[PDB]
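Structure first, commentary second.
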Amino acid sequence: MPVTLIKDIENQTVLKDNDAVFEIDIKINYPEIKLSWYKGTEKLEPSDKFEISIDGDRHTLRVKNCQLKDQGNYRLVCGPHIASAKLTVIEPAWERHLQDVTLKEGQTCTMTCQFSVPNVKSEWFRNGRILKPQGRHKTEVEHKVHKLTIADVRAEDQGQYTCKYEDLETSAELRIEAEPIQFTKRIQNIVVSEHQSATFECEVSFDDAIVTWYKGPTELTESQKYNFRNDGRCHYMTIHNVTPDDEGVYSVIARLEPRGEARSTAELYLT
């Protein structure tokens with residue numbers, strides 16, 4: 001037989017800017033027979049892009065600095081034997097991007113993105129500053145998936161989270177919804193005798209809430225008539241010298257950023 005084939009070429013998948021190597025081991029039994037490499041119609045010749053070499057039965061086509069535009073079929077003819085093989089080139093890139101996530105405080109945050117090359121080393125950033133995997137924050141790479149985990153999220157974790165490989169970034173925002181403020185003890189109706197003082201009292205679920213008190217639609221301010229006291233979660237309004245004009249519906253609105261606000265209503269009566 002004119003030739004004796006031992007291995008043939010195989011498909012090549014390489015990362016962009018790397019070399020690809022197609023090699024065939026073939027014993028040529030008659031000197032006039034030569035192996036030739038082709039890309040489509042062109043017989044390839046040694047150049048800055050293509051290195052062609054021979055070692056005994058081993059013939060090598062090296063494609064230098066592979067680009068996505070180099071992808072396609074590479075083939076050879078060696079007497080009666082012909083063979084073709086495919087070059088695939090992968091550009092490193094973020095295949096699916098970081099997305100915004102919104103969570104309730106206390107939840108576990110999981111943010112993931114997917115790179116085109118598995119097992120690469122990446123760095124995470126919070127608000128532009130590099131993130132170290134400490135304590136509550138953990139970062140991992142699982143094949144192509146890059147994942148940031150933050151346990152027991154609090155409002156202070158809200159911000160920009162970025163994953164970076166070399167100069168390729170993907171980024172998104174983590175937003176945290178704080179537990180809303182509530183009244184743990186609503187104001188309740190009060191009865192006093194005329195000219196006595198009357199003290200409404202309430203309690204909210206968090207300290208240092210800002211309270212505003214009302215009679216009907218009217219905001220009340222500190223005076224000889226209305227005294228206000230706030231102590232941790234408790235809030236009080238005392239109405240001095242209660243007379244019939246002081247009777248009716250009163251309300252309090254408690255506010256604590258970023259936990260919204262809450263409202264409680266009660267009525268004041270004379271005996």
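Residues in the structure tokens are numbered from 1 in each chain, the chains being A, B, ... in the order shown, and ligands are numbered from 1 in the order shown.
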
Give me the residues near residue 200 in chain A as a PyMOL selection string, where near means some atom within 8 Å (using only C-alpha atoms) and where sequence neighbours in that chain fewer than 2 positions away do not count. chain A and resi 187-188+190+198+202+236-238

Could you write out that same residue set with C-alpha atoms as a PDB file, in the first residue's frame?
```
ATOM      1  CA  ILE A 187     -52.263  53.763  71.416  1.00  0.00           C
ATOM      2  CA  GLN A 188     -55.615  53.065  73.007  1.00  0.00           C
ATOM      3  CA  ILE A 190     -58.128  57.186  77.392  1.00  0.00           C
ATOM      4  CA  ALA A 198     -53.945  62.400  79.828  1.00  0.00           C
ATOM      5  CA  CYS A 202     -47.134  53.408  72.448  1.00  0.00           C
ATOM      6  CA  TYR A 236     -45.614  59.201  74.909  1.00  0.00           C
ATOM      7  CA  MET A 237     -47.772  62.293  74.622  1.00  0.00           C
ATOM      8  CA  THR A 238     -49.282  63.963  77.687  1.00  0.00           C
TER       9      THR A 238
END
```

Selection: 10 Å around residue 230 in chain A, only C-alpha atoms, excl. self and same-chain fewer than 3 positions, as a list in words: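 Answer for this query is residues 201, 202, 203, 207, 208, 209, 210, 211, 233, 234, 235, 236 and 237 of chain A.
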
Please identify every residue of range 73-103 of chain A that has at least one atom no farther than 10 Å from an atom of range 170-180 of chain A, counting only C-alpha atoms, and for each give the shortest atom pair and the distance in Å to one decimal, arranged by chain then increasing number, as a tab-separated table.
```
residue	atom	partner	partner_atom	distance
A:93	CA	A:170	CA	9.7
A:94	CA	A:170	CA	7.1
A:95	CA	A:170	CA	9.9
A:96	CA	A:170	CA	8.9
A:97	CA	A:170	CA	5.8
A:98	CA	A:171	CA	5.5
A:99	CA	A:172	CA	5.3
A:100	CA	A:173	CA	4.8
A:101	CA	A:174	CA	5.1
A:102	CA	A:175	CA	4.7
A:103	CA	A:176	CA	5.1
```

Fewer than 5 positions away in the same chain doesn't count, so skip those; otherwise give me all residues within 10 Å of range 262-267 of chain A, counting only C-alpha atoms, as JSON, numbers by chain. {"A": [180, 181, 182, 183, 185, 186, 187, 188, 189, 190, 191, 200, 202, 204, 211, 212, 213, 214, 215, 216, 247, 248, 249, 250, 251, 252, 253, 254, 255, 256]}

What's the separation between CA of residue 22 in chain A and CA of residue 35 in chain A, in Å to one decimal place? 13.0 Å

Can you tell me which residues surround residue 138 in chain A at a distance of at most 8 Å, considering only C-alpha atoms, apart from same-chain residues fewer than 2 positions away, and format the answer as a PyMOL selection string? chain A and resi 133-136+140+148-150

Dump N, CA, C and O atoms for the selected residues as a PDB file, in the first residue's frame?
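Output contents, as saved in again-v4.pdb:
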```
ATOM      1  N   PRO A 133     -13.093  36.839  50.563  1.00  0.00           N
ATOM      2  CA  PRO A 133     -13.964  35.802  51.137  1.00  0.00           C
ATOM      3  C   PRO A 133     -13.786  35.601  52.639  1.00  0.00           C
ATOM      4  O   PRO A 133     -13.066  34.695  53.062  1.00  0.00           O
ATOM      5  N   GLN A 134     -14.385  36.476  53.445  1.00  0.00           N
ATOM      6  CA  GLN A 134     -14.308  36.423  54.898  1.00  0.00           C
ATOM      7  C   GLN A 134     -15.701  36.284  55.497  1.00  0.00           C
ATOM      8  O   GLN A 134     -16.679  36.794  54.948  1.00  0.00           O
ATOM      9  N   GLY A 135     -15.783  35.585  56.627  1.00  0.00           N
ATOM     10  CA  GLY A 135     -16.965  35.616  57.468  1.00  0.00           C
ATOM     11  C   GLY A 135     -18.261  35.303  56.756  1.00  0.00           C
ATOM     12  O   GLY A 135     -18.495  34.174  56.322  1.00  0.00           O
ATOM     13  N   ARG A 136     -19.055  36.340  56.524  1.00  0.00           N
ATOM     14  CA  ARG A 136     -20.357  36.164  55.905  1.00  0.00           C
ATOM     15  C   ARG A 136     -20.258  35.982  54.396  1.00  0.00           C
ATOM     16  O   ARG A 136     -21.187  35.440  53.788  1.00  0.00           O
ATOM     17  N   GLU A 140     -17.002  31.386  45.121  1.00  0.00           N
ATOM     18  CA  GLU A 140     -16.578  30.095  44.617  1.00  0.00           C
ATOM     19  C   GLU A 140     -16.718  30.069  43.107  1.00  0.00           C
ATOM     20  O   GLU A 140     -17.435  30.875  42.510  1.00  0.00           O
ATOM     21  N   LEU A 148     -21.228  34.310  44.232  1.00  0.00           N
ATOM     22  CA  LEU A 148     -21.012  35.025  45.474  1.00  0.00           C
ATOM     23  C   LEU A 148     -22.180  34.729  46.410  1.00  0.00           C
ATOM     24  O   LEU A 148     -23.349  34.839  46.010  1.00  0.00           O
ATOM     25  N   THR A 149     -21.857  34.345  47.645  1.00  0.00           N
ATOM     26  CA  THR A 149     -22.836  34.059  48.687  1.00  0.00           C
ATOM     27  C   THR A 149     -22.615  34.992  49.870  1.00  0.00           C
ATOM     28  O   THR A 149     -21.495  35.080  50.388  1.00  0.00           O
ATOM     29  N   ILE A 150     -23.671  35.686  50.297  1.00  0.00           N
ATOM     30  CA  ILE A 150     -23.641  36.501  51.511  1.00  0.00           C
ATOM     31  C   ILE A 150     -24.737  36.014  52.449  1.00  0.00           C
ATOM     32  O   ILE A 150     -25.928  36.172  52.154  1.00  0.00           O
TER      33      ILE A 150
END
```

Using CA of residue 245 in chain A and CA of residue 221 in chain A as the two end points, give the distance in Å to one decimal.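 Interatomic distance, CA of residue 245 in chain A to CA of residue 221 in chain A: 16.9 Å.
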
Contacts of residue 66 in chain A at 7 Å (only C-alpha atoms; same-chain gap of 6+ positions) as a PDB file with N, CA, C and O atoms, in the first residue's frame:
```pdb
ATOM      1  N   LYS A  16      -8.681  31.434  22.390  1.00  0.00           N
ATOM      2  CA  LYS A  16      -8.202  32.512  21.536  1.00  0.00           C
ATOM      3  C   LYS A  16      -6.797  32.953  21.942  1.00  0.00           C
ATOM      4  O   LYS A  16      -6.463  33.008  23.127  1.00  0.00           O
ATOM      5  N   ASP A  17      -5.979  33.254  20.934  1.00  0.00           N
ATOM      6  CA  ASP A  17      -4.584  33.708  20.969  1.00  0.00           C
ATOM      7  C   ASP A  17      -3.614  32.561  21.249  1.00  0.00           C
ATOM      8  O   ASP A  17      -2.397  32.783  21.206  1.00  0.00           O
ATOM      9  N   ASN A  18      -4.094  31.341  21.453  1.00  0.00           N
ATOM     10  CA  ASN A  18      -3.225  30.186  21.590  1.00  0.00           C
ATOM     11  C   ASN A  18      -3.026  29.503  20.242  1.00  0.00           C
ATOM     12  O   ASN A  18      -3.771  29.718  19.285  1.00  0.00           O
ATOM     13  N   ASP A  19      -2.036  28.624  20.191  1.00  0.00           N
ATOM     14  CA  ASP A  19      -1.765  27.875  18.979  1.00  0.00           C
ATOM     15  C   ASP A  19      -2.630  26.623  18.945  1.00  0.00           C
ATOM     16  O   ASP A  19      -3.007  26.078  19.985  1.00  0.00           O
ATOM     17  N   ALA A  20      -2.954  26.178  17.736  1.00  0.00           N
ATOM     18  CA  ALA A  20      -3.590  24.890  17.534  1.00  0.00           C
ATOM     19  C   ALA A  20      -2.644  23.984  16.758  1.00  0.00           C
ATOM     20  O   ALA A  20      -1.862  24.451  15.919  1.00  0.00           O
ATOM     21  N   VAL A  89     -12.364  27.862  18.284  1.00  0.00           N
ATOM     22  CA  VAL A  89     -11.631  28.844  19.070  1.00  0.00           C
ATOM     23  C   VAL A  89     -12.618  29.529  20.019  1.00  0.00           C
ATOM     24  O   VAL A  89     -13.694  29.969  19.594  1.00  0.00           O
TER      25      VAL A  89
END
```

Which residues, written as an MDAnalysis selection string, have at least one atom at most 9 Å from residue 74 in chain A, with only C-alpha atoms counted and residues fewer than 5 positions away on the same chain left out? chainID A and resid 22 37:40 83:87

Report as an MDAnalysis selection string: the residues of range 54-265 of chain A with a DSSP assignment of strand (DSSP E or B), based on the backbone of this structure. chainID A and resid 54:55 58:63 72:78 81:90 94:96 101:104 109:115 123:126 129:130 137:142 145:150 159:165 168:177 183:185 190:192 198:204 210:215 218:219 226:231 234:239 248:255 261:265

Set the distance at 8 Å and use only C-alpha atoms: which residues neighbour residue 166 in chain A once local chain neighbours fewer than 2 positions away are removed? I'd like the list as a count of residues only. 3

Using only C-alpha atoms, can you tell me which of A:25, A:12, A:240, A:34 comes closest to residue 70 in chain A?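 Closest to residue 70 in chain A of all the choices is A:12.
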
Proximity to residue 76 in chain A - best of A:108, A:88, A:36, A:29, only C-alpha atoms: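 Checking each of A:108, A:88, A:36, A:29 against residue 76 in chain A, counting only C-alpha atoms, the winner is A:36.
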
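Of note, CA of residue 146 in chain A and CA of residue 125 in chain A are spaced 13.0 Å apart.
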